Amino acid sequence: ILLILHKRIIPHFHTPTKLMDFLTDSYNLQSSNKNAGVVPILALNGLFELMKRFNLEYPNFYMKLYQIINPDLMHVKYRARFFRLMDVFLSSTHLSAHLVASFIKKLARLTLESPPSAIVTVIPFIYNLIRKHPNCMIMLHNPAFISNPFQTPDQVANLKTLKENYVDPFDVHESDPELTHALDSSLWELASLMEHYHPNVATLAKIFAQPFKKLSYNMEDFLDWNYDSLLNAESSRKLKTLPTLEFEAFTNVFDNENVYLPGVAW
Amino acid sequence: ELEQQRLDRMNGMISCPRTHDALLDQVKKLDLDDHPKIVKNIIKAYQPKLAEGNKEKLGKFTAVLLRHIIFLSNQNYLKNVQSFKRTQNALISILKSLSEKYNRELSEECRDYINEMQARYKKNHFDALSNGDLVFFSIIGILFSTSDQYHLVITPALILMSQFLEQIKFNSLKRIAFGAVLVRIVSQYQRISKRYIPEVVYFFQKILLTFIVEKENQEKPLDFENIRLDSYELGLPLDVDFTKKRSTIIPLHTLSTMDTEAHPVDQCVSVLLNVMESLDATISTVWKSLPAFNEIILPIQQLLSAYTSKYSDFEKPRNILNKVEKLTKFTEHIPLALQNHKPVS
Amino acid sequence: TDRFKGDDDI
Amino acid sequence: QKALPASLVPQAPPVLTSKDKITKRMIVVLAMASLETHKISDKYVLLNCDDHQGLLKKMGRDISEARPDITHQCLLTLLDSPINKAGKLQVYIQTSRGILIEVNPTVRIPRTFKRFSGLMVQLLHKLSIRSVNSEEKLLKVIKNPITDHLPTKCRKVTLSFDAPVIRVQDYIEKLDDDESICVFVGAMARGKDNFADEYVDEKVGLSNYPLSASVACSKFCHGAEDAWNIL
Amino acid sequence: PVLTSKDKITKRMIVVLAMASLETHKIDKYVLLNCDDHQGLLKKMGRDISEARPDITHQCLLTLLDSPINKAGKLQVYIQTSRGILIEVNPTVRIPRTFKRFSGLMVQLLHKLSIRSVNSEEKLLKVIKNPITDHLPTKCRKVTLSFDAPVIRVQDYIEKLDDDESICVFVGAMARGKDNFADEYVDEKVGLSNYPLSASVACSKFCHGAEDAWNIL
Amino acid sequence: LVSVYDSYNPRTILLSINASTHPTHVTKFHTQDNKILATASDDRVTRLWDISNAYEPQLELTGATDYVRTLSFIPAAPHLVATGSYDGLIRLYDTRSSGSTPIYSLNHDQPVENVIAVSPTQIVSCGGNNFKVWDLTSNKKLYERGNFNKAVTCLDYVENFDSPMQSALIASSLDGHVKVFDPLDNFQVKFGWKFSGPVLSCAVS
Amino acid sequence: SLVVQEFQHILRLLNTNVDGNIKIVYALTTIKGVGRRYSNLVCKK
RNA sequence: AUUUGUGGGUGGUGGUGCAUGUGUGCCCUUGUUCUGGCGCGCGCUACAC
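Chains as they are written, first to last, in the working numbering: chain A, 1 to 266; chain B, 267 to 611; chain C, 612 to 621; chain D, 622 to 852; chain E, 853 to 1069; chain F, 1070 to 1274; chain G, 1275 to 1319.
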């Protein structure tokens, strides 16, 4: 019902404000059942429909979204819907750099441990957020830690002291987005994603090292992918390659209870 | 020259039975040890110098020999384990020798087998997967260069194994041991290129938390609420003694009967120590070179701290935490500067 | 474009 | 601490013409350049020390005065120096016969003297040389004197052997914030430094040992780059 | 004084032009191979048209030998051609200022294997034996100027060098190709500027930084 | 860019200032001095320019951690400048001093959307659902009115106009509401209008 | 605070590139074969 | 009743140097074919938000 509500249930009502309390309760619902965690994601779309149609209010909206951002989001199948929502939510004009930095950094921490579908979903989102707020570029590039040839030995000493005295300021447990020091922290996870086993995800991570020439990547073609889709895409690809054979010789596939797989027996 | 070519590929530069049914028809008359001799006789009969067109038939023999290896591994081998190991080792050596000449049709058969494996998994989840699939991944790891960035056979298998690690619900010890085998295979895939698998991190956190969580209480610790696990009933009792020696090696044939039998605590500890050994290997190889090592290792640090607090005897968390603390103290953690560009003329 | 390439011939 | 610029995308610095009177820069004037075209019989050729001794003797001019290779190699040094690629360098050529040539920093002088000689012949007869990709005039012949085309706040020196030796980095540092530098280098075999006495503020020396014109241009350019942190 | 290959003690600056294009062809007339003079002959030989460029080596020799460090005597120059012919250049010789006279002197040197002065006490240009490690002095640091190497300041690098330790710099007089011409010889690879540099500008930069470091003014 | 035109001639551009590389969200003229233009941009630096020489900023005011998008001039004191930013601090700068650091700051907990000065002593800052009126000599808030559902976007103040009520404060928020408050009557609520959508800006003649 | 408003630098209309900085009439005029009066009539329609 | 498959070797109808044909170094590689080959100069006109 929550999934179909904004599309099929709402445009047939006379007064859609009747469902506002139901949607608010479902959005605020936090139960002991593990399956109950996904109903804010489904409730948010129909809730925002009423909020946009009739000028109505949900208190602490962005703090609630920062609460919703959690490691389960990368694994839930409904994340494409939530990212479609977060695009127009974080495309707001009256947003602070601390707030958008908090969202970027939490999404980075989520991409640390996530499927490549989620990584492909998040990477252009971070690019677009940095593109809309260029004060968040200090999270990728801090000029204070660059050593240039044209600097004094005293400046070299100050840079060395600053390097050995740096600590991470980001506070993961902080609920309020603005009070996290994510704008002071940096994005090491996006650099770690450059060394990713999927060749396409690796290059998509490399776009953060490249200059920011392009505007937004049109999230719709990145939102759709899954594990089955990646296999079909690689099986039907334009380039054809000669397979390569390993020249090293292994005696046995399995270790006996030289061997290719230690710790595994026949 | 071969090492240089491998490093460039790492950087990014790019009668004879025609059916496995007929192979099984001959194999039924043959004995278990007579299968390598029969295969060698078939190769000697259909060598290309003998007659025209023997190359295509011998390539079909490559395909059906791989299929027969998978079928023999799928079939039960508890009675003749030593003879089965000898026959399979000889068959795999023969397979490498022929794959040196006929890698193309073999690679096509492997890609088709990957597609069939994914179709069966989408049909029936964990029940479709088998020891034949595991040994297929292991054989692929030898036959093809895993360090290469975009390999026609390694990358579909790699994303399939990552899908298996991230997707299947580890509710039984059979599934946990299957995942541990997949982690070991993925590590031996990435032994050279040393790329980063987030699914391996996810699997390690999930498995450590499942074995931490008390079975009788069936309630996770409060700080581990972010990690979502599958079965709370799987757990490790306090009364077990880790001072007793256990074998870290897990056999493939034990996995089938291990689900049927009631789970024994010693074998659970063996699977746990196997996973911990794989985790130690990944920490030493990949994560310490990654720039986000401190951000990766924090849930692992908390889970191993819980292990140390609960069980004072089991030395592996103290060893891993000493290694991790030394690495985190040694490595430098400074803000990134990725947008530094050479000026344009 | 040119980096010590020299001027192209006719 | 301080906000980053909105775009960190690297951009090509603006190229400096004589239309830009304001921007601080380094200017090199290769004075007394031997660039004269003469007609043989019928072939117009740039006069050469090696290939035209008979013509030079017949016209009475000394063969040692016909050295366009010095101007060629000085142009190569200046245009290949990193300050030119950074866009902070401008080059003028002041021939011995009184012709003034402006060199667009984007031009690529041919590395071989034969092609350089052909290019100079066409430049001296057609008064301008354009580019193949776009029709922008890469070489131009402009009206004398140089001080009409020079920047408004500019400090003028002559590189001379007899003048006291200075340090280029310290000189460029002692320059003002808005003021440009113009350096007159004699692109000639053996003369004395009266070529720019009507223009220059002062005469400076680069080293105790005698220097070639290309070495003098290279030394002053390297000092300018270390003073302005170009590298 | 005059620095020679025999001396192994004095702290000096060795500049080795590498993959220099110095080719003699018989047409008899012995001619140096340059592309503009011989468009068709190089095409008939099948080697690359852009490869044959002795003018780069000529310009580098002019800049190096007219540099003040050569006037003070701290500099020594070797030319390793693409064939493998290795040339020792005396600090006292004046290279001909024009390319045709330079081509003539290269033809004479490459055919006679030595050039004798008027006084004939020593040899102005000499052909010496492979390798260069025998002729360079004992305590020496070998660097290759490469674009992808990190950018350094020449003055700071030379002051970081020791008091009794010479510096050897391999500069590619080659027009196009990789920087692997001397990788097995050199201690490391350094970068001079953010922009790509011609070999003449690289030699001039490293020489002038050396003068500023060693106070050769 | 900050472009200064003649007020009734869009063809002629008297001045064009390259104030920042980041967007300049505030351009205001000094009320006491006709020669001073204050611009606030996303550099988090506000700049006072002289109209005559606009090549460099006459003064740069810093010390804001996020997004100054409003500023105001205190009526009696021409040396004081108030800047309101999204970190919640209204910073008062004395221009005769160094000006890199504020002389004092006033903490409006929500991100400050707008700042206005209703007297030589009292200023009103809106951000969040409420607006707070502060005294400058006491550095303490006198009143705070949270009458709104959504964030208060704009404020206007008008006094001595022909009306029963001598001073009036107009507050417009995102819930479509524009409301009138009486500064003499403890900033109580007098009248209101509801519009069809979120009201970014409001003004009274 | 959420404010959502209801742009492309280059527009490809009728296989012709136009700039979003110019007006609609200017873009239709820069499209070849269309005059200013025709562009005004098209905009009015 | 040859010709295909599967393979796979491979240098000189070489040149040059030394000792004198001879013997060993060095270096480069690693052919038949017809036919063609005007100046000066006065106005005037374009090209500048």
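For every residue, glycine included, the Cβ atom is placed at its ideal position computed from N, Cα and C.
Beta-carbon neighbours of A/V253, restricted to chain B and to distances below 9 Å: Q354, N355, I358, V401, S404, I405, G407 and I408
message: For B/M524 and B/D414, which I take to be in contact (beta-carbon distance under 8 Å), what is that distance rounded to the nearest angstrom?
response: No, B/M524 and B/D414 are not in contact; Cβ-Cβ is about 35 Å, not under 8 Å.
Query raised in the report: By Cβ distance below 6 Å, which residues in the same chain neighbour A/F82 in space, the five residues on each side in sequence not counted?
Result: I41
Residues of chain D with CB under 7 Å from A/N128, in chain order? Going along chain D, no residue has its Cβ under 7 Å from A/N128, so there is no contact; the nearest lies around 15 Å.
Item to complete: Let me know the beta strand (DSSP E) ranges lying completely inside the stretch 639-677 of chain D, each 3 residues or longer, listed in chain order.
Response: 647-654, 658-661 and 664-667
Let me know the secondary structure DSSP gives A/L183 once reduced to three states. coil
Just list the residues that DSSP pairs D/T779 with in beta bridges.
D/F805 and D/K824
**Message:** On the DSSP letters alone, give me the boundaries of the alpha helix (DSSP H) that B/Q292 sits inside.
**Reply:** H286 to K295
Along chain F, which residues have their Cβ under 8 Å away from the Cβ of G/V1277? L1243, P1267 and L1269
- prompt: Quick one: what does DSSP say D/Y792 is sitting in, helix, strand or coil?
  reply: helix
*Start and end of the beta strand (DSSP E) containing F/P1079?*
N1078 to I1086
Q) Can the beta-carbon of E/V1006 be found less than 8 Å from the beta-carbon of E/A1054? A) no
Cβ shell of B/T548 (< 7 Å), same chain only, five flanking positions each side left out: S453 and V466
Exercise. Report yes or no: is there a C-beta of chain G within less than 8 Å of the C-beta of F/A1107?
Key: no
Exercise. What is the residue span of the alpha helix (DSSP H) that F/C1195 lies within?
Worked result: Run containing F/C1195: none in the alpha helix (DSSP H); it sits in the beta strand (DSSP E), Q1191 to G1196.
With 16 other Cβ atoms within 10 Å as the buried cut-off, status of B/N492
exposed
8 Å CB neighbourhood of residue 620 of chain D in its chain, flanking five on each side removed: The structure shown does not extend to residue 620 of chain D, since chain D is modelled only from 622 to 852, so the question has no answer here.
Rounded separation between E/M1026 and D/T716 - CA only: 33 Å
Answer yes or no: do E/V1038 and E/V995 have a C-beta to C-beta separation smaller than 8 Å? yes
Whole-angstrom C-beta distance between A/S96 and F/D1135, which should lie under 8 Å: 5 Å
Kindly identify the DSSP beta-bridge partner or partners of residue 1068 of chain F. The structure shown does not extend to residue 1068 of chain F, since chain F spans only 1070 to 1274, so no value can be given for it.
**Study point:** Residues of the stretch 74-98 of chain A whose Cβ lies closer than 8 Å to any Cβ of chain F, in chain order
**Key:** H94, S96, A97 and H98
Using only the alpha-carbon positions, how far apart do D/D818 and F/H1148 sit? 54 Å
For B/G445, which of helix, strand or coil comes out of DSSP? helix
For D/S839, tell me which candidate among E/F1033, E/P920 and E/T985 has the shortest Cα-Cα distance. E/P920
Check: Residues of chain E with a CB under 8 Å from the CB of D/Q632: which are they?
Finding: In chain order: nothing, as chain E lies at least about 14 Å away.
Verify the CB distance criterion: does D/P626 have a CB-CB separation below 8 Å to chain F?
yes
Interface flag, D/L629 vs chain B, CB-CB below 8 Å
yes
Fill in: Where the beta strand (DSSP E) through D/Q711 begins and ends
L710 to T716
* Asked: Three-state secondary structure (DSSP) at F/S1174?
  -> strand
* Looking only at C-alpha atoms, which of B/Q456, B/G325 and B/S396 sits nearest to B/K362? -> B/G325
Find the residues of chain D that neighbour F/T1090, judging by a C-beta separation of less than 8 Å, and give them in chain order. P626, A627 and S628
inquiry  = Less than 8 Å between the beta carbons of B/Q568 and B/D489, yes or no?
reply    = yes
Are the CB atoms of F/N1183 and F/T1115 within a distance shorter than 8 Å?
no
- Task: Within the stretch 453-531 of chain B, note down every full alpha helix (DSSP H) run reaching 4 residues or more, in order along the chain.
- Result: 464-478 and 520-526
- Task: Leaving out five residues on either side along the sequence, give the residues of the same chain with a beta carbon under 8 Å from the beta carbon of F/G1132.
- Result: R1160, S1169, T1170 and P1171
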